[PDB]
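Line by line, the protein sequences give chains A, B, C, D and E.
Going by this note's numbering, the first residue of the first sequence is number 1, and it counts up by one from there.
Going by this note's numbering, the first residue of the second sequence is number 1001, and it counts up by one from there.
Going by this note's numbering, the first residue of the third sequence is number 2001, and it counts up by one from there.
Going by this note's numbering, the first residue of the fourth sequence is number 3001, and it counts up by one from there.
Going by this note's numbering, the first residue of the fifth sequence is number 4001, and it counts up by one from there.
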Amino acid sequence: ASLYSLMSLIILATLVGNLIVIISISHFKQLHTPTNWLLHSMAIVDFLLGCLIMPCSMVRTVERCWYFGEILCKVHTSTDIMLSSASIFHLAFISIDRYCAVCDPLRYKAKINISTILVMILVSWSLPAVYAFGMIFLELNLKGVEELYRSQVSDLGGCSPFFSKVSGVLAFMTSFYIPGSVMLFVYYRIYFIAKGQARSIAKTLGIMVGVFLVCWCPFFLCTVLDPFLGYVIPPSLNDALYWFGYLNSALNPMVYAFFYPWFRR
Amino acid sequence: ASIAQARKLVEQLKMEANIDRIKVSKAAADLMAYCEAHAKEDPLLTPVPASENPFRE
Amino acid sequence: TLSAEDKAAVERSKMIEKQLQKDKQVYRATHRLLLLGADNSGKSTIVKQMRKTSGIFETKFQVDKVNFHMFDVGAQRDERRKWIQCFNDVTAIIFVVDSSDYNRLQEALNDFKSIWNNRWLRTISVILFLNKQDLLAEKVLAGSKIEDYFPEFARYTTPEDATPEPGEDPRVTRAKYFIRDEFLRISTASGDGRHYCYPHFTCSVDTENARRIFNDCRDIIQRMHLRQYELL
Amino acid sequence: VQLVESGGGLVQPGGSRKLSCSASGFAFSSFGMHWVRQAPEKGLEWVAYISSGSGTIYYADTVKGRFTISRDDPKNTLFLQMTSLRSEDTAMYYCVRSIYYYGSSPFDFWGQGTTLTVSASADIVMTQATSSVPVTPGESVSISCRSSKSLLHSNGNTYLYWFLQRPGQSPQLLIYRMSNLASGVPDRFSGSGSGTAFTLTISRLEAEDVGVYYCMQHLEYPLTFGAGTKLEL
Amino acid sequence: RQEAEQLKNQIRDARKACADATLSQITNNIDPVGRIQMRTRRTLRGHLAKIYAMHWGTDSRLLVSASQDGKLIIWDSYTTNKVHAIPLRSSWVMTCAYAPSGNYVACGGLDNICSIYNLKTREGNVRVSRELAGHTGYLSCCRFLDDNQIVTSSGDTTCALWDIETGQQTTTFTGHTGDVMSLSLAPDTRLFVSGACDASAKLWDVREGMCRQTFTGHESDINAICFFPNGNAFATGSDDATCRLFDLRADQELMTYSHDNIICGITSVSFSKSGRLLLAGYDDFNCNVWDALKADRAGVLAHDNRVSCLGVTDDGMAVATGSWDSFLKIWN
Ligand SMILES: CNC[C@@H]1OCCc2ccsc21
């Protein structure tokens, strides 16, 4: 019951966090800036996750079982991958926008206009879907581990994602290494500039980096390390890690909306 | 300066002094009379149904 | 819209909205500046070097593929508080002072006080130009003094971190930085960290004022963005 | 303001010709363009239509795959492309200006036309009561027009036009939208109607009022004309 | 100088010995309009910078607006369509007017010039047909008398009556001490009122070109002046959160419309078709509608920035409001 209560606490919070912001952007005329649309689209992507996936995904963890048709598990997963990658890409694009605004003050409104933002949303919505669908439909990941994928997991009712030693590393790279490095470089450059002018007359970026990092690194690390070790990570523990990654969807709307004074109204 | 304009203000103020005037209570009647005489021609005053106005929906 | 003429009208309106969009992108990439000064100040010559009773004049200069629009207010009255409300959206204000007269300095000080403390001029930073410095040098070596106008000049020492010119005579420097402080004292008494001042030492024959304006603007916009993103 | 048309000539059957109208003296890039046909022994007939922004194009139901329209804004040239010339394209073609906004007066300035000799449905039907009438220089004249469907629209407009081409020149505009008077026409013409039947009245009478009067509707797109009533003095 | 003050005291005393009863005493026995609900029915978008002026057309359908990016736009208030878009030579425009016949528009600003645009040409374009020069300060208002006569207000404490055919002033209206901000015409176009920054309002005769009356009472400068539909009263608006209503024949100050909850000044004022309402746009992002007979607040038209202009249709159809966030709203 306690586990169920926690599960509700995550999803419900995510829903409430994403529904407020979307309404706020569309109705109000003043907040129509090119950059504001980047947040709107992000909030939409986070919302879908809590309403579809988090419920069904919660079910597997609670009762340690999967009671559904096989055709559905290829749908539940890819859905789980595409939306997570889209959210991470949106975070990376927000960081790039911040870098462009701070390090190029005189050409900001010209560079970051509506056109650029639409392209960003199009790429962030398109590429993760392309990579999730073909990858999860054609069994690229299962190849070389079919005996193991079906020897134990598939036998007993389950719906646990499985990665080989060549697909897990590629997923690790594509979904964590590039956006994280971009964010780290951008915020490290911005921190020195912000500090070096304060003296002339540094923490919000540190929070943001810490929330992102402590929340997605262990899941990806375990995912990329398990095939090499020999699949010694407990199922329970893993589920945690999944929920410990989903918690990012609940905290992302709040850091990028409520923190800023202009969004208090 | 003084040799001239002061010569002028005296003129304009002398001219402005002689004006016919009325009772303020009487002045408070024509405005009212217009108000009740044209109360039925004011769309903004009396709300209009969405049949004889061009800003419906 | 159920007639052909109505559809054609909608189409014309759509063309109008496409012209308005290109006007808007053209507009978003320009920085507007306001130039203020007096008659003795060489503000009328800086515009010439950079490049009927009319009301306003325009001058366009480009540096590093960035467009700057400087507006000089021409034949108007002596009152300013009424038409100054239309310039609360400019990047910066360029203030030109001819501090080589010994007489016409206090009025410039009250001018600067009035402009800096205006209600409609908040969030707007000011770039200070001190013009005709060579005339000051030619007026101080002969010895027309400053203590007879400013009695506290006799109790002023060169501040600790000043940088003199290479061919500087020791004396000139004390007076230049005294005037610079005198101007800088006004800004530091108010503003509560929303706009700044950028003084300079400009001469009649200079070819760098555009670069200085570019750098000051760059700094102003960077500071504005840093505050907006909770980094300052 | 003057427009020039080029092309014409006699074309053998099965050929193709490129007819053109050239504009000069105004802002051609803000006016819609039409082509209007007229047989030597019949009334006018609308051919096609292009808008100012080149985003909308209509064709007559008679020929839709044979003809083709195009415009050029930097040079102010309008083109009509005709292929497989049948035994019917033996009439006169005119290029007509039109601009559409609130209070505007479409179909105001006409060109001069050209000639083209060829060797050997559900639209509103617009008809005129008669074809000629004898009158006297100073009496009152009344020309009637009828329609098959109500020209009155829900907004409140009545799309009816009177043109009255004179005997020898290109057509002009007398009345637009059934009630309004044109720019330079004398203030002795008027129009009235009820929704299906309409009348054009001329109070006085001068020697310049001879010609054939036309009746055109602009409710739907077919753009059907009337027959014409010649006046003899 | 001593004699002058005497005279002024004589004039005051003559004005004083006339106020037998204020408006409230007579009007306290009429039922009020009560509550009025006005909803936004249209929203016009397309202006880049802030909006400074607007003017309704006598057709009751078309209107013109001016913005600081140097643009004039003519809208269709029924279908929300745009009819014309005119660019200006100078981007610091402050006022605009629409001809009674609908043939011309005018504008001006920080250039000492009043431009006339012809809307009905053979070519389908709008071009400038006359530039009026001779003022020393910026233009603050302008109004057409007919197709050939126009009255302008400038920042050089003077007004003028022009002749568009020749472009030369036919009458000069001097006498204000501070720069003039606004003016209003009379229904018969035989008189016009004007208010300036010297906190005084004056009445001028167009034919004789001479001052007729003076009104005082405002603590701060005057920003907007309007005229009663009947023809005998006019209402003003200042920067001290107050608006009055002065008679012409009576020559005094009538009931005052103000409240303790307003600190910011007024930008625009307008009247209803019957004179039963008085609506004014304030600096607190809002528009206040008042009972013109009992000084009662009845309705609020709640824009995300300062309201800069107002307008009431000739037949009382609707009200259009402009603002500094570049949006136009129609309330009915
Ligand atoms: C925790 N849910 C994220 C999802 O879990 C399955 C594998 C994968 C790869 C990139 S994102 C992702």
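No residue lacks a Cβ here, since even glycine has one placed at the ideal position from N, Cα and C.
With 9 Å as the threshold, decide whether the Cβ of residue i is near any Cβ in chain B.
{"i": "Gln4168(E)", "result": "no"}
{"i": "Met4317(E)", "result": "yes"}
{"i": "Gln4213(E)", "result": "yes"}
{"i": "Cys4018(E)", "result": "yes"}
{"i": "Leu4007(E)", "result": "yes"}
Can you tell me which of the options puts its alpha carbon nearest to the alpha carbon of residue i?
{"i": "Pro3074(D)", "options": "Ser3022(D), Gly3055(D), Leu3181(D) and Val3004(D)", "result": "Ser3022(D)"}
{"i": "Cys217(A)", "options": "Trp243(A), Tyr246(A) and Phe176(A)", "result": "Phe176(A)"}
{"i": "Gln2085(C)", "options": "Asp4314(E), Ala4320(E), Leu4328(E) and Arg4306(E)", "result": "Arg4306(E)"}
{"i": "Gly230(A)", "options": "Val214(A), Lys165(A) and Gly210(A)", "result": "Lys165(A)"}
{"i": "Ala4186(E)", "options": "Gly4195(E), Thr4174(E) and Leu4145(E)", "result": "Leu4145(E)"}
{"i": "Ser4065(E)", "options": "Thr4058(E), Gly4046(E) and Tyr4078(E)", "result": "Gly4046(E)"}
{"i": "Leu4277(E)", "options": "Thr4170(E), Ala4199(E), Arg4297(E) and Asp4260(E)", "result": "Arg4297(E)"}
{"i": "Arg1021(B)", "options": "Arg4012(E), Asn4028(E) and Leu4328(E)", "result": "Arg4012(E)"}
{"i": "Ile1019(B)", "options": "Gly4275(E), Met4255(E) and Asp4251(E)", "result": "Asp4251(E)"}
{"i": "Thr4256(E)", "options": "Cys4264(E), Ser4115(E), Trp4290(E) and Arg4249(E)", "result": "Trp4290(E)"}
{"i": "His40(A)", "options": "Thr14(A), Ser26(A), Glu147(A) and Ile88(A)", "result": "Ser26(A)"}
{"i": "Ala4014(E)", "options": "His4259(E), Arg4249(E), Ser4270(E) and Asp4260(E)", "result": "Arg4249(E)"}
{"i": "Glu3005(D)", "options": "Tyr3049(D), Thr3224(D) and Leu3078(D)", "result": "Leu3078(D)"}
{"i": "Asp97(A)", "options": "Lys111(A), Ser85(A), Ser84(A) and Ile88(A)", "result": "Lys111(A)"}
{"i": "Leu2141(C)", "options": "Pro2159(C), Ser2041(C), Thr2157(C) and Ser2100(C)", "result": "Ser2100(C)"}
{"i": "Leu122(A)", "options": "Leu72(A), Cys56(A), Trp37(A) and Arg64(A)", "result": "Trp37(A)"}
I'd like to know if residue i contacts chain E, where contact means its C-beta is closer than 9 Å to some C-beta of that chain.
{"i": "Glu2005(C)", "result": "no"}
{"i": "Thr2053(C)", "result": "yes"}
{"i": "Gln2076(C)", "result": "yes"}
{"i": "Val3001(D)", "result": "yes"}
{"i": "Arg1021(B)", "result": "yes"}
{"i": "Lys2024(C)", "result": "yes"}
Less than 8 Å between the CB atoms is what I'm expecting for residue i and residue j, so what's the real figure, rounded?
{"i": "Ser3170(D)", "j": "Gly3111(D)", "result": "6 Å"}
{"i": "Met183(A)", "j": "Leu91(A)", "result": "7 Å"}
{"i": "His2200(C)", "j": "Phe2129(C)", "result": "5 Å"}
{"i": "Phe162(A)", "j": "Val145(A)", "result": "6 Å"}
{"i": "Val62(A)", "j": "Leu3(A)", "result": "6 Å"}
{"i": "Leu4161(E)", "j": "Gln4169(E)", "result": "7 Å"}
{"i": "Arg3146(D)", "j": "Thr3127(D)", "result": "5 Å"}
{"i": "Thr3115(D)", "j": "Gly3043(D)", "result": "Actually they do not touch by this definition, with Cβ atoms about 17 Å apart."}
{"i": "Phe3031(D)", "j": "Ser3016(D)", "result": "About 27 Å separates the two Cβ atoms, so there is no contact after all."}
Does any CB atom of chain D fall closer than 9 Å to the CB of residue i?
{"i": "residue 4335(E)", "result": "Examination of residue 4335(E) is not possible in this model, given that chain E is present from 4001 through 4332 alone."}
{"i": "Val4269(E)", "result": "no"}
{"i": "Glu2182(C)", "result": "no"}
{"i": "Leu2002(C)", "result": "yes"}
{"i": "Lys2014(C)", "result": "yes"}
Are the C-beta of residue i and some C-beta of chain C separated by less than 9 Å?
{"i": "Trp37(A)", "result": "no"}
{"i": "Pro105(A)", "result": "yes"}
{"i": "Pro261(A)", "result": "yes"}
{"i": "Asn4230(E)", "result": "no"}
{"i": "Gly4237(E)", "result": "no"}
For residue i, decide whether its Cβ has a neighbour in chain A, counting only Cβ atoms nearer than 9 Å.
{"i": "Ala2029(C)", "result": "yes"}
{"i": "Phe4327(E)", "result": "yes"}
{"i": "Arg2223(C)", "result": "yes"}
{"i": "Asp4291(E)", "result": "no"}
Query raised in the report: Which runs of the beta strand (DSSP E), 3 residues or longer, sit entirely within the stretch 3058-3108 of chain D?
Result: 3067-3072, 3077-3083 and 3092-3098
(message) Measuring CB atoms only, is the stretch 2106-2120 of chain C touching the stretch 2182-2193 of chain C, in the sense that at least three cross pairs come out at less than 8 Å?
(response) yes
**Study point:** Minimum length 4: unbroken alpha helix (DSSP H) runs contained in the stretch 4109-4190 of chain E
**Key:** none
Which complete beta strand (DSSP E) runs does the stretch 4239-4316 of chain E hold, if anything under 3 residues is left out? 4245-4247, 4266-4271, 4277-4282, 4287-4291, 4297-4301 and 4307-4312
The stretch 2027-2036 of chain C in contact with the stretch 2068-2082 of chain C per 3-pair CB rule at 8 Å = Cβ pair count under 8 Å is three or more, so yes.
Could you check whether the stretch 4018-4027 of chain E touches the stretch 4269-4284 of chain E, counting it as contact only if at least three pairs of C-beta atoms, one from each stretch, sit closer than 8 Å? The stretch 4018-4027 of chain E is not in contact with the stretch 4269-4284 of chain E.
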